[PDB]
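So the structure is just underneath, and the comments pick up after that.
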RNA sequence: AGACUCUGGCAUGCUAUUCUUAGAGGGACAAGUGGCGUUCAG
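Chains as they are written, first to last, in the entry's author numbering: chain z, 101 to 130, 174 to 225; chain R, 3 to 83; chain K, 827 to 1043, 1070 to 1080, 1102 to 1111, 1115 to 1135, 1145 to 1157.
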């Protein structure tokens, strides 16, 4: 099976471990981006808000002479913020 | 939408073994799809039901002689077992 | 107080009152604008189609209120131009609306103005949201298709520079639209120009695209349930002896050659 | 000019449940209509 000398080493080691075992025992004793996911009331609120915003910007005097220039400047400011 | 291979070959074999128990409308095709085949995928089951509805609205406009001999063959196979 | 499915018929009803609307009705139209845009990005595809058709017919309705068609369409555009300013979803909505409008009234906007919009779309190419950049790519594709190559040429560099510094993940996701845009630019211009002004990695895609441009140059049951010199061959059949003079002999002369799952314990088939 | 995989909208249904939940079960598959179509693929 296995050599005798290895068995003798194992028996000596287990007996030694029992010796310190007895010694230690003795020592112890001491708003998403996708709309399809989003709800209808928020779509209605967004519709009303964008209606008001469109009306206000259409009523602005700056957005009557140079519309595309104003849109480009607004986008440039908005994404230089980004 | 384009068509695949597996749905339609499964539909062909399921007709070739159980043409008697099919119907004409989509709901009966669905019902026989659950009660005959396990078909774990719901997408595949829906596509199978659609194509078998197409098959039932197609082949019922054909000659009745082939349908009659196919029913005789299916009844003979069922009676043999 | 309109529900989400009810948008689909209502737009058509609005459509049904556009094509005979009189000139003294601009306030109603400019109040309807945001609803039409939000329905161009509605959930239902039918509502989206109705809103697109409403936009086309509504731009047609401004082709009747004034003598100058180009100025009227400029007014129609500046009624929808603020949509590129507010919330992210409605900005994507308005980019989609401008993308649909660019394909219909192609020259009538005036190309330089379109170029300005293209420049704005280039700013919109730098957005974080994927829907806005997707709509910007769609507008860029429509502009490349529509407005002239002579006016494209002064704006190739800016649009493809906005393309180039997009992202890693954003480039990786929409590789289809980028591939199609590069294919269109290579078809419409020199391949060496696009190679010169793009960054390094895109060049790989370019050579593949270039190689692509190299490569481009009856009712019976059994028949339906099927797994899907020569014509002068005849078969006789031999019964009584064959009478060639019999009127019904052609029935005995043929023209063609005569002649996977596991079952469970219950008996139901197994499909996978 | 993705025929690859997964998947949403609506549940007054089951589960500790019509308003918030999270497991399951449904629901849509081009299914139906009219045209164009080699009368079949689309």
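Virtual Cβ for every residue (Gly too), placed ideally from N, Cα, C.
- When K:1127, K:1131, K:1077, K:1150 are compared, the shortest CA-CA separation from residue 11 of chain R is found for K:1077.
- In terms of Cα proximity to residue 865 of chain K, the closest of K:1025, K:876, K:970, K:987 is K:876.
- Among the residues of chain K, none has a CB under 8 Å from the CB of residue 204 of chain z; the nearest is roughly 14 Å distant.
- The Cβ atoms of residue 837 of chain K and residue 899 of chain K do not sit closer than 8 Å to each other.
- DSSP places residue 968 of chain K within a helical segment (H, G or I) once states are collapsed to three.
- With its beta carbon at least 8 Å from every one in chain K, residue 51 of chain R lies outside the interface.
- Around residue 218 of chain z, the beta-carbon contacts reaching into chain K at under 8 Å are 910, 911, 946, 949, 950.
- The beta carbon of residue 1156 of chain K sits closer than 8 Å to some beta carbon of chain R.
- For the stretch 919–946 of chain K, the beta-carbon criterion of a distance under 9 Å to any beta-carbon of chain z is satisfied by 919, 939, 942, 943, 945, 946.
- The C-alpha of residue 933 of chain K lies about 33 Å from the C-alpha of residue 999 of chain K.
- Short of 8 Å from the beta carbon of residue 911 of chain K, and not among the five residues preceding or following it, lie these beta carbons of its own chain, in chain order: 917.
- Take residue 1130 of chain K, set aside five residues on each side of it, and the residues of its chain with a beta-carbon closer than 6 Å to its own are 1108, in chain order.
- When 8 Å is used as the limit between beta carbons, residue 1072 of chain K is near these residues of chain R: 64, 65, 68, in chain order.
- At least one C-beta of chain K is nearer than 8 Å to the C-beta of residue 60 of chain R.
- Residue 959 of chain K and residue 1145 of chain K have their C-alpha atoms some 49 Å from each other.
- Per DSSP, the unbroken alpha helix (DSSP H) holding residue 197 of chain z starts and ends at 183–201.
- Fewer than three beta-carbon pairs drawn from the stretch 110–122 of chain z and the stretch 938–947 of chain K are found closer than 8 Å, and the two stretches are therefore not classed as touching.
- Between the C-alpha atoms of residue 208 of chain z and residue 218 of chain z there is a straight-line separation of about 17 Å.
- Runs of the alpha helix (DSSP H) lying entirely within the stretch 27–80 of chain R, each at least 4 residues long, are 28–38, 44–61 in chain order.
- Here the C-alpha atom of residue 878 of chain K lies approximately 56 Å from the C-alpha atom of residue 75 of chain R.
- With respect to chain z, the C-beta atom of residue 860 of chain K has a partner C-beta closer than 8 Å.
- Boundaries of the alpha helix (DSSP H) around residue 990 of chain K: 982–990.
- In terms of beta-carbon proximity, residue 957 of chain K lines the interface with chain z, with at least one pair separated by less than 8 Å.
- Distance from residue 1038 of chain K to residue 222 of chain z at the Cβ level is roughly 34 Å; contact not present, criterion being Cβ atoms closer than 8 Å.
- Separation of residue 884 of chain K and residue 872 of chain K (C-alpha to C-alpha, rounded to the nearest whole angstrom) is 18 Å.
- By DSSP's assignment, residue 1130 of chain K forms a beta bridge with K:1108.
- Put simply, the stretch 196–204 of chain z does not touch the stretch 920–933 of chain K. Fewer than three CB pairs are less than 8 Å apart.
- From the beta-carbon of residue 1076 of chain K, the residues of chain R found nearer than 7 Å are 60, 61.
- By the neighbour-count criterion, in which a residue is buried when 16 or more other Cβ atoms sit within 10 angstroms of its Cβ, residue 26 of chain R is exposed.
- Contact with chain K is absent for residue 44 of chain R, since none of that chain's Cβ atoms lies less than 8 Å from the residue's Cβ.
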